[PDB]
Every structure is written in C-alpha cells, then in structure tokens.
Amino acid sequence: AXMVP
Amino acid sequence: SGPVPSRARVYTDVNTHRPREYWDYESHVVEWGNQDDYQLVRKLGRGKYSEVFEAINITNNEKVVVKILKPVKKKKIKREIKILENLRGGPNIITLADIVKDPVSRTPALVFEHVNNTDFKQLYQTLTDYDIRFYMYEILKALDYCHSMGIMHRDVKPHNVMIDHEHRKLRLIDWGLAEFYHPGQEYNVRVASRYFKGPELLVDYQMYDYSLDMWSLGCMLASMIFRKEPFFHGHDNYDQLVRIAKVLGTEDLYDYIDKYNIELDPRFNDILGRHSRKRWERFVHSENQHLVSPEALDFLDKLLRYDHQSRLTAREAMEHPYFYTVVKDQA
Ligand SMILES: O=C(O)c1cccnc1
Ligand code: NA
C-alpha cells in the first residue's frame, strides 16, 4: 500500500 | 435588525491586499508527487475525515507521516493544501513535504516530515512550570505567524500540538479546519472541539476572527496550570456555555450579548441563571500551586474573555510578563 502492499 | 458586525483588531485586511490566488483555494492547482515513493507502515490514528499512517520514503529511507483526506465537501482538500503551502516555513508550523493519491481509491494524501507521535496532551500533565511557559510561547509563535498570514486555525487543542520533548521542538498540526480571515465574513460556528469552543461559537455569532484561537489557547492553559482536564467540561454545546458562566460570571456574558445584539437561543434560557465571577485563585490547590503564579492568573484572565475583541492578540500575549524569563533565556 503507494509501494506494495 | 441583526447582530452587530465585527472586525479583527489585527491583520484585518491582509487577505484583501493579497493577490486573489493566495486565498482562492478552490482555484488551486495541486502539484502531485509520486505515491510510489512511499510505503505505508502502520496506522497512527483516525480523524472523522482522515486516516493517519506512519510511512517510509523509500527514495531516501526517511520516515514520514501520511494523512489520507476524505472530507465530504471536496473543497476542504484544496483548502488544507493551500493553507499548508502558504504557511510552509513559518515558525512551529508542520511542514507539508508532498501530496500524493492512493493508487487504488485515488484519495488525496498529505505527506508530512516526521514528528514523533507524542502530542501535548500526553505530556503536559508531567511538565514543570518553566516548560509550560516555554511551550505556550512556542504555540504563540505559530499562532501569531498564521494570524499574520491571514489564517485562523480554529481547532487549537492539545491533541493538535505535537512535541518532541527531547529536542524541545513543537509543531502545530491538523489544519483541516483552518480558514482565511476576510472582513465581514460570516463563518460556520460548528467548528472546534466542544471543550475549546469560544463563546462566539456557543451563542452562534458568526463574524468571528483570529481571536477564536486565543480563547482555545486560554482553555489549554487553564487546564495545565490548574491540572483540570478539560477546564470547561460541558455535556453538550448548551451546557458548555453554562460551565463557562459559572467561572467568568454571567454579567459579562450578558454585556457581551447586549453589545453585539446577539439572539440567545431559547435552549439557554432555563439553564444559565445568574453567576458571580469566580476569582482565579479559587482553582488553586496543593497539587497545582507550583504551576500557578500572579503572572499566570493575570495572563489567563486576559485570554478568557467573552468579548472576542477584548482578548489578547497572539502578539500582545507574547509581551506578557508571564513569558519574561522565557524571553530572556531565549536570547
Ligand atoms: O497536520 C496533521 O494532521 C498531522 C501532521 C503530523 C502528524 N499527524 C497529523
Ligand atoms: Na478541494
């Protein structure tokens, strides 16, 4: 979550 | 006939004399950063219109704070962004570092340079007398700056002051309720948290100004020097004014109402009655007397006035003798 995750 | 109009005593026309671009936040064009620079790490807390996360900037290994904005009125996203950008670099103002969008929901998110998740409320019941004066002075720096830039914060409370106590640095945060001051403008009175609402909000007087922040600051100060949290502890907005009148007295409340020709809501009529002004010394006891001095009570008395025009400005407040030692030690 922006960059994974 | 209507209520009597009112003007700010200071910084009255700063926005009028600005280019319209400065305060016309709805026309603001957002400069979007790259959401892929950041990785959310964990949630730090939740507002009614926001989610706050700790995150890392992967391009430079810096920790940051990410605030997801989700107001019902879309207008408020650009308002907070434009206020943060107008204030960036000012003393003790949180620094907006970037603006990105959640790639999935496309919700706007503000990226702040990191401050430790420790607010003034978690800290201010264990501070010495000198530290209360120091941090109050630092808050005043932030308020005089934003007032001089045409902006009222409108949500000054301990949870919106972040303090790194080890480094003795302080940041005034959460500008989601802040507004531009314009002479003659009638603002929404449903702002701020109940315990910190000034009398103008409680009696529904809309033509208020920067002085609203000075009432809230007085509520914080009273809470600290008296060790009573919150100092005015109402059960709803109507009882909140009753709590204030039991301390400041009803004589000056009704003089205020008479002066501005304010129509008092009939819900007040059965619950106010008559109260004498209580002298501030009545709240001193053995467990707070080390925080209470003549200068603190005089300073407090000049912040907590019904008439918003009678309250000290942030600049006048910084010249008060309560801060004489902090001002000398600062140079
Ligand atoms: O302005 C904010 O809401 C903010 C700033 C830093 C940390 N948490 C929130
Ligand atoms: Na907007």
# chains A, B, ... in the order shown; residues from 1 in each chain; ligands from 1
$ residues_near_ligand --ligand "ligand 1" --cutoff "6 Å" --atoms "only C-alpha atoms and all ligand atoms" --output "PyMOL selection string"
chain B and resi 65+112+173-175
$ residues_around --residues "residue B:194" --least-positions-apart "5" --cutoff "8 Å" --atoms "only C-alpha atoms" --output "PyMOL selection string"
chain B and resi 234+236-237+240
$ residues_near_ligand --ligand "ligand 2" --cutoff "12 Å" --atoms "only C-alpha atoms and all ligand atoms" --output "list in words"
residues 24, 25, 26, 27, 28, 29, 30, 69, 70, 71, 72, 73, 74, 75, 76, 77, 78, 79, 80, 81, 82, 83, 107, 108 and 176 of chain B
$ interface_residues --of "chain B" --to "chain A" --cutoff "6 Å" --atoms "only C-alpha atoms" --output "NGL selection string"
:B and (35-36 or 38-40)
$ residues_around --residues "residue B:283" --least-positions-apart "4" --cutoff "9 Å" --atoms "only C-alpha atoms" --output "PyMOL selection string"
chain B and resi 226+279+288
$ select_by_dssp --residues "stretch 117-252 of chain B" --states "strand (DSSP E or B)" --output "CSV table (one decimal) with N, CA, C and O atoms, in the first residue's frame"
chain,number,residue,atom,x,y,z
B,119,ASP,N,1.7,13.9,21.5
B,119,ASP,CA,1.0,15.2,21.5
B,119,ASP,C,1.2,15.8,22.8
B,119,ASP,O,1.5,15.2,23.8
B,151,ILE,N,-4.7,33.6,8.4
B,151,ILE,CA,-5.3,32.3,8.6
B,151,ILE,C,-5.6,32.1,10.1
B,151,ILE,O,-4.8,32.4,10.9
B,152,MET,N,-6.8,31.6,10.4
B,152,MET,CA,-7.2,31.2,11.7
B,152,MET,C,-7.2,29.7,11.8
B,152,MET,O,-7.8,29.1,10.8
B,161,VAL,N,-1.1,19.7,19.0
B,161,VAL,CA,0.2,20.2,19.2
B,161,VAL,C,1.1,19.0,19.4
B,161,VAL,O,0.9,18.2,20.4
B,162,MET,N,2.0,18.8,18.5
B,162,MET,CA,3.0,17.7,18.6
B,162,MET,C,4.3,18.2,19.2
B,162,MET,O,4.8,19.2,18.7
B,163,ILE,N,4.8,17.5,20.2
B,163,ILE,CA,6.0,17.9,20.9
B,163,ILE,C,7.0,16.8,20.9
B,163,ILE,O,6.7,15.7,21.2
B,164,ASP,N,8.2,17.1,20.4
B,164,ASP,CA,9.4,16.3,20.6
B,164,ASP,C,10.1,16.9,21.8
B,164,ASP,O,10.9,17.8,21.8
B,169,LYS,N,11.1,20.8,20.6
B,169,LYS,CA,10.6,21.4,19.5
B,169,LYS,C,9.1,21.1,19.4
B,169,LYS,O,8.6,20.1,19.9
B,170,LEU,N,8.3,22.0,18.8
B,170,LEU,CA,6.9,21.9,18.8
B,170,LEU,C,6.3,22.2,17.5
B,170,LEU,O,6.8,23.1,16.8
B,171,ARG,N,5.2,21.5,17.1
B,171,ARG,CA,4.6,21.8,15.8
B,171,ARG,C,3.1,21.8,16.0
B,171,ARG,O,2.5,20.9,16.6
B,172,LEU,N,2.5,22.9,15.5
B,172,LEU,CA,1.0,23.0,15.4
B,172,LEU,C,0.5,22.3,14.2
B,172,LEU,O,0.9,22.6,13.1
B,179,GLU,N,-9.2,28.4,8.3
B,179,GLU,CA,-9.8,29.2,7.2
B,179,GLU,C,-9.1,30.5,7.1
B,179,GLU,O,-8.3,31.0,7.9
B,180,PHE,N,-9.3,31.2,5.9
B,180,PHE,CA,-8.8,32.5,5.7
B,180,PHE,C,-9.7,33.6,6.3
B,180,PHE,O,-10.9,33.5,6.2
$ residues_around --residues "residue B:190" --least-positions-apart "4" --cutoff "12 Å" --atoms "only C-alpha atoms" --output "PDB file with N, CA and C atoms, in the first residue's frame"
ATOM      1  N   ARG B 154      -8.584  27.486  14.161  1.00  0.00           N
ATOM      2  CA  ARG B 154      -9.953  27.117  14.547  1.00  0.00           C
ATOM      3  C   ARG B 154     -10.062  25.755  15.232  1.00  0.00           C
ATOM      4  N   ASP B 155      -8.946  25.093  15.553  1.00  0.00           N
ATOM      5  CA  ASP B 155      -9.008  23.803  16.233  1.00  0.00           C
ATOM      6  C   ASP B 155      -7.813  23.663  17.168  1.00  0.00           C
ATOM      7  N   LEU B 177      -9.372  22.279   9.624  1.00  0.00           N
ATOM      8  CA  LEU B 177     -10.464  23.204   9.910  1.00  0.00           C
ATOM      9  C   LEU B 177     -10.073  24.666   9.721  1.00  0.00           C
ATOM     10  N   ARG B 194     -15.745  20.670  21.502  1.00  0.00           N
ATOM     11  CA  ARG B 194     -16.662  21.299  22.454  1.00  0.00           C
ATOM     12  C   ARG B 194     -15.935  22.035  23.567  1.00  0.00           C
ATOM     13  N   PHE B 196     -13.187  23.478  23.788  1.00  0.00           N
ATOM     14  CA  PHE B 196     -12.334  24.592  23.406  1.00  0.00           C
ATOM     15  C   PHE B 196     -13.082  25.635  22.604  1.00  0.00           C
ATOM     16  N   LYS B 197     -14.387  25.459  22.446  1.00  0.00           N
ATOM     17  CA  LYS B 197     -15.192  26.408  21.696  1.00  0.00           C
ATOM     18  C   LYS B 197     -15.314  27.727  22.458  1.00  0.00           C
ATOM     19  N   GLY B 198     -15.001  28.830  21.779  1.00  0.00           N
ATOM     20  CA  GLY B 198     -15.187  30.152  22.321  1.00  0.00           C
ATOM     21  C   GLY B 198     -16.656  30.502  22.434  1.00  0.00           C
ATOM     22  N   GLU B 200     -18.322  32.898  21.208  1.00  0.00           N
ATOM     23  CA  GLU B 200     -18.935  33.266  19.927  1.00  0.00           C
ATOM     24  C   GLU B 200     -19.498  32.044  19.202  1.00  0.00           C
ATOM     25  N   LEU B 201     -18.820  30.896  19.288  1.00  0.00           N
ATOM     26  CA  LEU B 201     -19.358  29.696  18.650  1.00  0.00           C
ATOM     27  C   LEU B 201     -20.580  29.184  19.399  1.00  0.00           C
ATOM     28  N   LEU B 202     -20.576  29.304  20.729  1.00  0.00           N
ATOM     29  CA  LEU B 202     -21.647  28.726  21.537  1.00  0.00           C
ATOM     30  C   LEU B 202     -22.929  29.547  21.471  1.00  0.00           C
ATOM     31  N   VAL B 203     -22.821  30.873  21.356  1.00  0.00           N
ATOM     32  CA  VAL B 203     -24.011  31.704  21.208  1.00  0.00           C
ATOM     33  C   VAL B 203     -24.316  31.988  19.748  1.00  0.00           C
ATOM     34  N   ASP B 204     -23.552  31.401  18.822  1.00  0.00           N
ATOM     35  CA  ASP B 204     -23.844  31.458  17.387  1.00  0.00           C
ATOM     36  C   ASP B 204     -23.607  32.861  16.821  1.00  0.00           C
ATOM     37  N   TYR B 205     -22.423  33.424  17.090  1.00  0.00           N
ATOM     38  CA  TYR B 205     -22.019  34.699  16.499  1.00  0.00           C
ATOM     39  C   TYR B 205     -21.003  34.404  15.408  1.00  0.00           C
ATOM     40  N   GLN B 206     -21.380  34.662  14.154  1.00  0.00           N
ATOM     41  CA  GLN B 206     -20.625  34.135  13.025  1.00  0.00           C
ATOM     42  C   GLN B 206     -19.480  35.016  12.549  1.00  0.00           C
ATOM     43  N   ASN B 237     -23.269  21.450  23.815  1.00  0.00           N
ATOM     44  CA  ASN B 237     -22.868  22.816  23.484  1.00  0.00           C
ATOM     45  C   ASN B 237     -23.574  23.840  24.376  1.00  0.00           C
TER      46      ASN B 237
END
$ residues_around --residues "residue B:311" --least-positions-apart "4" --cutoff "8 Å" --atoms "only C-alpha atoms" --output "PyMOL selection string"
chain B and resi 211+214-215+302-305+307
$ atom_distance --atom1 "atom CA of residue B:129" --atom2 "atom CA of residue B:113"
29.7 Å
$ residues_around --residues "stretch 146-148 of chain B" --least-positions-apart "4" --cutoff "10 Å" --atoms "only C-alpha atoms" --output "list in words"
residues 10, 11, 12, 14, 15, 83, 86, 87, 90, 91, 93, 140, 141, 142, 152, 153, 178, 180, 181, 209, 210, 211, 213, 313, 314 and 315 of chain B
$ write_last_selection --atoms "N, CA and C atoms" --output "short mmCIF file (atom, residue, chain, number, x, y, z; two decimals), in the first residue's frame"
data_model
loop_
_atom_site.label_atom_id
_atom_site.label_comp_id
_atom_site.auth_asym_id
_atom_site.auth_seq_id
_atom_site.Cartn_x
_atom_site.Cartn_y
_atom_site.Cartn_z
N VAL B 10 -6.47 42.95 14.61
CA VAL B 10 -5.16 42.86 13.97
C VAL B 10 -5.31 42.15 12.63
N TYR B 11 -4.35 42.40 11.75
CA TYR B 11 -4.24 41.70 10.47
C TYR B 11 -5.58 41.68 9.74
N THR B 12 -6.29 42.80 9.81
CA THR B 12 -7.67 42.85 9.33
C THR B 12 -7.76 42.65 7.83
N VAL B 14 -5.20 41.72 5.54
CA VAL B 14 -4.06 41.08 4.89
C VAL B 14 -4.51 40.27 3.67
N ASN B 15 -5.66 39.61 3.74
CA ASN B 15 -6.07 38.81 2.58
C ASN B 15 -6.63 39.69 1.47
N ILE B 83 -3.56 26.24 2.52
CA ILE B 83 -3.13 26.84 3.78
C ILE B 83 -1.77 26.31 4.21
N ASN B 86 0.79 27.95 1.98
CA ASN B 86 1.01 29.36 2.32
C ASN B 86 1.82 29.50 3.61
N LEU B 87 1.67 28.57 4.55
CA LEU B 87 2.33 28.69 5.85
C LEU B 87 3.67 27.98 5.92
N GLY B 90 7.02 28.70 8.21
CA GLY B 90 6.76 29.56 9.34
C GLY B 90 7.07 28.86 10.65
N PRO B 91 7.30 29.62 11.72
CA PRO B 91 7.74 29.01 12.99
C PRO B 91 6.71 28.06 13.58
N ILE B 93 5.13 25.58 12.45
CA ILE B 93 4.09 25.07 11.58
C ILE B 93 4.57 23.74 11.00
N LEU B 140 2.38 30.27 20.70
CA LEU B 140 2.09 31.65 20.34
C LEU B 140 2.87 32.08 19.10
N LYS B 141 4.11 31.61 18.95
CA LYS B 141 4.85 31.90 17.72
C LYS B 141 4.08 31.38 16.50
N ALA B 142 3.58 30.15 16.59
CA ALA B 142 2.83 29.58 15.47
C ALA B 142 1.55 30.36 15.20
N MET B 152 -6.82 31.62 10.39
CA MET B 152 -7.16 31.19 11.74
C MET B 152 -7.23 29.67 11.75
N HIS B 153 -6.64 29.07 12.79
CA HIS B 153 -6.53 27.62 12.85
C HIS B 153 -7.88 26.97 13.15
N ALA B 178 -8.82 24.95 9.37
CA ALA B 178 -8.36 26.34 9.26
C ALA B 178 -9.06 27.08 8.11
N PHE B 180 -9.31 31.19 5.91
CA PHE B 180 -8.79 32.53 5.65
C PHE B 180 -9.71 33.56 6.30
N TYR B 181 -9.11 34.53 6.98
CA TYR B 181 -9.91 35.62 7.54
C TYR B 181 -10.16 36.70 6.49
N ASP B 209 -13.07 35.90 14.29
CA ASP B 209 -11.77 36.14 13.67
C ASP B 209 -10.69 35.36 14.42
N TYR B 210 -9.43 35.80 14.28
CA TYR B 210 -8.29 35.09 14.88
C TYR B 210 -8.44 34.92 16.39
N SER B 211 -9.18 35.82 17.04
CA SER B 211 -9.29 35.78 18.50
C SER B 211 -9.91 34.48 19.00
N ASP B 213 -8.91 31.52 18.27
CA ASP B 213 -7.76 30.71 18.65
C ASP B 213 -7.20 31.13 20.00
N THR B 313 -4.26 39.63 21.69
CA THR B 313 -3.80 39.02 20.46
C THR B 313 -2.59 38.12 20.75
N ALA B 314 -2.24 37.27 19.78
CA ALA B 314 -1.07 36.42 19.96
C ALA B 314 0.18 37.27 20.19
N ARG B 315 0.30 38.38 19.46
CA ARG B 315 1.46 39.25 19.65
C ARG B 315 1.44 39.94 21.01
#
$ atom_distance --atom1 "atom CA of residue B:165" --atom2 "atom CA of residue B:321"
24.2 Å
$ residues_around --residues "residue B:54" --least-positions-apart "6" --cutoff "8 Å" --atoms "only C-alpha atoms" --output "JSON, numbers by chain"
{"B": [40, 41, 42, 43, 44, 63, 64, 65, 66]}
$ write_last_selection --atoms "N, CA, C and O atoms" --output "PDB file, in the first residue's frame"
ATOM      1  N   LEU B  40       3.273   2.677   3.187  1.00  0.00           N
ATOM      2  CA  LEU B  40       2.625   2.785   4.488  1.00  0.00           C
ATOM      3  C   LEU B  40       3.116   1.656   5.386  1.00  0.00           C
ATOM      4  O   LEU B  40       3.270   0.514   4.937  1.00  0.00           O
ATOM      5  N   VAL B  41       3.366   1.978   6.658  1.00  0.00           N
ATOM      6  CA  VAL B  41       3.935   1.038   7.620  1.00  0.00           C
ATOM      7  C   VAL B  41       2.910   0.597   8.659  1.00  0.00           C
ATOM      8  O   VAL B  41       2.755  -0.603   8.917  1.00  0.00           O
ATOM      9  N   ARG B  42       2.232   1.556   9.300  1.00  0.00           N
ATOM     10  CA  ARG B  42       1.177   1.250  10.261  1.00  0.00           C
ATOM     11  C   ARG B  42       0.302   2.475  10.489  1.00  0.00           C
ATOM     12  O   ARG B  42       0.725   3.615  10.273  1.00  0.00           O
ATOM     13  N   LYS B  43      -0.915   2.225  10.963  1.00  0.00           N
ATOM     14  CA  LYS B  43      -1.828   3.318  11.251  1.00  0.00           C
ATOM     15  C   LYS B  43      -1.502   3.936  12.608  1.00  0.00           C
ATOM     16  O   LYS B  43      -1.241   3.234  13.582  1.00  0.00           O
ATOM     17  N   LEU B  44      -1.476   5.261  12.649  1.00  0.00           N
ATOM     18  CA  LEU B  44      -1.194   6.015  13.867  1.00  0.00           C
ATOM     19  C   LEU B  44      -2.435   6.568  14.539  1.00  0.00           C
ATOM     20  O   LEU B  44      -2.378   6.925  15.720  1.00  0.00           O
ATOM     21  N   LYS B  63      11.546   8.382   7.428  1.00  0.00           N
ATOM     22  CA  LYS B  63      10.185   8.193   7.924  1.00  0.00           C
ATOM     23  C   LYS B  63       9.367   9.456   7.688  1.00  0.00           C
ATOM     24  O   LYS B  63       9.884  10.572   7.783  1.00  0.00           O
ATOM     25  N   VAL B  64       8.091   9.274   7.341  1.00  0.00           N
ATOM     26  CA  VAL B  64       7.155  10.374   7.131  1.00  0.00           C
ATOM     27  C   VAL B  64       5.810   9.992   7.734  1.00  0.00           C
ATOM     28  O   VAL B  64       5.576   8.841   8.114  1.00  0.00           O
ATOM     29  N   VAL B  65       4.906  10.968   7.772  1.00  0.00           N
ATOM     30  CA  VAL B  65       3.529  10.760   8.201  1.00  0.00           C
ATOM     31  C   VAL B  65       2.629  11.017   6.999  1.00  0.00           C
ATOM     32  O   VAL B  65       2.799  12.017   6.292  1.00  0.00           O
ATOM     33  N   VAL B  66       1.714  10.087   6.731  1.00  0.00           N
ATOM     34  CA  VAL B  66       0.784  10.181   5.609  1.00  0.00           C
ATOM     35  C   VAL B  66      -0.620  10.351   6.169  1.00  0.00           C
ATOM     36  O   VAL B  66      -1.067   9.550   6.998  1.00  0.00           O
TER      37      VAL B  66
END
$ atom_distance --atom1 "atom CA of residue B:266" --atom2 "atom CA of residue B:3"
16.4 Å
